[PDB]
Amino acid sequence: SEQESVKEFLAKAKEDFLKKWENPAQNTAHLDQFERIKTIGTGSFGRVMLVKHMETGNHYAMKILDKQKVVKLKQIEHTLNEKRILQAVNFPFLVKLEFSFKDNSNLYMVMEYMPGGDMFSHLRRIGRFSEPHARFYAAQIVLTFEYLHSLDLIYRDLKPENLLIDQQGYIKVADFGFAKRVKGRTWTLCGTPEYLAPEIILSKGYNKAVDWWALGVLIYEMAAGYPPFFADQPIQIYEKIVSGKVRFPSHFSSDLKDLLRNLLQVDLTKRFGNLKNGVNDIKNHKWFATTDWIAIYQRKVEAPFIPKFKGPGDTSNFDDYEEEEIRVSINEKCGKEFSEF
């Protein structure tokens, strides 16, 4: 069976993950091994910089978290989740963590650098993706969620902003700031407004089904050019999501609509991904009938879009940000809170 080769794949993958989960990599480099080049991302949850490792010459993306800002934002345990999970995982469509370390002031996570930029920037520019184009990316997500959920991981922030395009035109999921290893239900309110399942909004206690709901949002946005539930302010977006009504553009194929009605399904006993058949309800769906799941895993499918290669440290696919100092205090901040990082 294809379901049995697959079960075998996941068994090996889990034994691999647990070994790193139970004994995490720690303190594997130092800031002064990296030359800083450019801020390619900034936000509430730290910034991301292009750097260059001197000993190898390799370019990398370095996420910096101010430990004091993390404590004030009450993201201590999420930050610890993020690093422990990213260091343990291993899958083609997950951005790979090369190093992590910390100093008196900061936490650092050095990832492989994707010069091609995020899906977001290309989706906005082009307007929308063709169904075949959107399906190609959706398949990568479907498989990644298959892998994550098999490890008891929920991702909780699927959106085009968190998806990077590599040099073969395949995607990498980045930012694990709200990922959590949980076997039961959980209750934290987190995610991005447009992508939130109704059960998060209504404060109910949820599981990995929220990840499949967010898949439906993503595929919709990719093929429509805009998301299924938008407005100018979050509370208005929440009223739309909980209403149970969604409108599709007249260009959506009738298979795409039917897939999306089962992903953006309020009723958890009916939502694709959450039922007795699990991820095969998605994988065997007619919209995906031309998808060869193994060749997508193997990166043998021809990509609809390969971004323009401008050098290994080129930054033209990212916007410009105001550059700040990386200041390292002479006193240790929050030693105890982050000891396991």
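Quick note: we count residues from 1 along the sequence shown, nothing fancier.
Stretches 246-254 and 193-201 differ in mean C-alpha B factor, with the higher average recorded for 246-254. According to the PDB record, 306-314 carries the higher mean C-alpha B-factor of the two stretches 55-63 and 306-314. The entry lists a Cα temperature factor for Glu98 that places it in the middle third of the chain's modelled residues. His30: CA B factor lies in the middle third for its chain, per the PDB record. Among all modelled residues in this chain, the alpha-carbon of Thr269 has a temperature factor (C-alpha) in the highest third.
Ranked within its chain, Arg261 lands in the middle third, by CA B factor from the PDB record. Annotation for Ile241: CA B-factor lies in the highest third of the chain's modelled residues.
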